[PDB]
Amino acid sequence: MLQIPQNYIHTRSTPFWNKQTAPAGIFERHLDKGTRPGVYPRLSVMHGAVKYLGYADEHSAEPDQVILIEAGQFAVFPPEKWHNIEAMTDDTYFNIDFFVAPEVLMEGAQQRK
């Protein structure tokens, strides 16, 4: 399973969504982006099941990776990778958390005058 580095930071979260409430576009092929690159999405299924479908590129015809996520489980998605999800039942609902890399700026001994 793909893991999010322990030093990554949580930036945003989505409300709980189901087939009807989620933005329609999440069920079609797409890329999850942020302000910066390398954002890791973490989809958690609270009930039912959710399927992740990843592709080689923006136009490949069939998925090159499939992950089934059941209630009580989560899966982090490969960054900058085209994909779409699919709800397995009408009762399925889930939410998504996004994580980004931390910034480490070198500092000096004095303050900036």
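Residues carry their position along the shown sequence, with the first being 1.
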Query - Stretch exceeding the other in mean C-alpha B-factor - 83-91, 38-46 - result: 83-91
Query raised in the report: Comparing 10-18 with 96-104, which stretch shows the greater average C-alpha B-factor in the deposited entry?
Result: 96-104
Requested in this report: Report the third (lowest, middle or highest) to which the CA temperature factor of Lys51 belongs, ranking only the modelled residues of the same chain.
Outcome: middle
Query raised in the report: Comparing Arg29 with the other modelled residues of its chain, is its CA B-factor in the lowest, middle or highest third?
Result: middle
